[PDB]
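**Q** Dumping the structure here so I can ask a few things about it.
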Number of protein chains: 6
Amino acid sequence: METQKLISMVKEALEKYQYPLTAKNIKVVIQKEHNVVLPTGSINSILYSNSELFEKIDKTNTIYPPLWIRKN
Amino acid sequence: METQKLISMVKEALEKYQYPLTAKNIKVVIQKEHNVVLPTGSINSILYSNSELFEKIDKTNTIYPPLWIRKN
Amino acid sequence: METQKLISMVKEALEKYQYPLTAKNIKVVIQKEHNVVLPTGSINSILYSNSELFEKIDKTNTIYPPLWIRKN
Amino acid sequence: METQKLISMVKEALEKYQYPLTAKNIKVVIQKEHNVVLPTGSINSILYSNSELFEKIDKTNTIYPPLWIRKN
Amino acid sequence: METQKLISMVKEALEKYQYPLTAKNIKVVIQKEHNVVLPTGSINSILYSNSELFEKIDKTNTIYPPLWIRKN
Amino acid sequence: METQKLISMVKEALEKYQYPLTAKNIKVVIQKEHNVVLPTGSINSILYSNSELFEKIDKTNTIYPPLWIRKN
């Protein structure tokens with residue numbers, strides 16, 4: 001259930017801004033809006049592990065740290 | 001190596017992509033097509049010191065590290 | 001350079017050590033014995049996209065950045 | 001007005017220590033004194049954008065992450 | 001006395017997990033358990049400065065960021 | 001490559017500058033004049049393991065990442 005709360009926060013960051021975001025961008029967006037300091041890795045875990053909810057905008061293995069969008 | 005070749009490598013990097021990039025993204029892009037590893041802070045010097053060619057896309061002091069665009 | 005040579009470099013790196021490694025550890029290991037500097041995020045792509053060869057050792061969402069093992 | 005508050009905190013960190021500081025040094029100095037966790041990027045933004053208040057002690061494009069002093 | 005409190009927290013993180021941890025792993029373990037955001041450097045200081053309490057599991061100067069165990 | 005050549009590269013790096021440097025600063029300095037990219041953690045090993053040549057300038061456990069000086 002913690003993971004589901006974070007997934008909703010990640011979607012929420014991504015939907016608030018209409019361009020791709022790095023995992024660290026998403027972390028700080030969640031920090032400013034929900035005032036919790038989360039490890040950047042925990043945002044990455046969500047991003048990589050829910051491949052039907054999030055995807056990298058760069059599919060050529062060049063943009064690092066990767067930029068992420070919602071898969072929709 | 002030359003101020004005026006780094007301006008144009010950063011500028012090329014932004015122009016290759018349709019979305020904002022971080023300074024570190026640009027670093028990795030340049031390391032890819034010109035095979036030179038620059039410090040992340042060398043790109044920031046260029047980006048801030050040339051406010052006519054580059055601007056940040058978020059102006060609410062929220063997105064960090066900042067996402068940069070080639071200014072239209 | 002090749003997806004299937006990076007899988008085996010990451011996989012070699014884990015196998016050289018008796019304990020879990022981070023993605024960045026693996027990066028530095030590969031930079032050591034194959035003299036190529038990869039972005040940290042390129043290793044993560046491999047680790048998550050090959051969940052049959054690699055798994056995280058902590059499953060409590062606590063260890064970040066995650067520690068990875070060659071799956072037994 | 002948020003930016004003005006941060007500018008005052010940055011000056012305050014720099015004036016408390018009588019040697020140059022990195023943006024991350026300044027971040028943690030502000031954390032310990034004012035107990036707010038700010039993105040390192042937001043300190044950088046202040047530093048780079050107020051070129052008449054702050055300047056890099058290294059003008060040879062070598063020290064990275066840059067070391068900063070107050071321009072005075 | 002602050003340093004002694006941190007030393008006890010570092011030992012406590014290391015003893016809670018039965019594999020080596022990076023300084024940033026230890027930081028976030030202490031964050032989750034004691035809810036304080038400490039600079040990663042302050043964990044490193046403890047680790048490097050108390051060489052009879054902590055040691056790197058890798059003695060070949062390869063694993064970076066280093067992985068740490070309790071010396072026992 | 002040699003313990004005793006890294007001691008003298010770190011030591012040269014500090015001596016080139018009139019102010020304290022971080023371990024990462026030293027890394028970038030060495031990458032500049034000897035064209036070898038070392039992991040940040042390799043410099044820390046040298047700095048802490050040679051407490052006769054190097055010391056931190058802040059002794060209040062505030063400046064992180066620590067700023068280092070050639071000991072007078």
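We label chains A, B, ... in the order they appear in the structure tokens, count residues from 1 in each chain, and number ligands from 1 in the order shown.
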Tell me the residues of chain A close to chain B, meaning within 7 Å using only C-alpha atoms, as a PyMOL selection string.
**A** chain A and resi 19+25+28-29+62-65
**Q** Could you please write out, as a ChimeraX atom specification, every residue of chain F that DSSP assigns to alpha helix (DSSP H)?
**A** /F:3-16,23-34,40-49
**Q** For residue 6 in chain D, work out the shell of residues within 10 Å, counting only C-alpha atoms and skipping chain neighbours fewer than 4 positions away, then give it as a list in words.
**A** residues 1, 2, 10, 11, 12, 30, 38, 42, 43 and 46 of chain D
**Q** I'd like the interatomic distance between CA of residue 53 in chain B and CA of residue 72 in chain B, to a tenth of an Å.
**A** 8.5 Å
**Q** Which of chain A counts as strand (DSSP E or B) under DSSP, as a PyMOL selection string please?
**A** chain A and resi 21-22+54-56+67-70
**Q** CA of residue 55 in chain B to CA of residue 4 in chain B: how many Å, to one decimal?
**A**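 Atom-to-atom, CA of residue 55 in chain B to CA of residue 4 in chain B, that is 18.1 Å.
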**Q** Rounded to one decimal place, report the CA of residue 69 in chain D-CA of residue 16 in chain F distance in Å.
**A** 18.3 Å
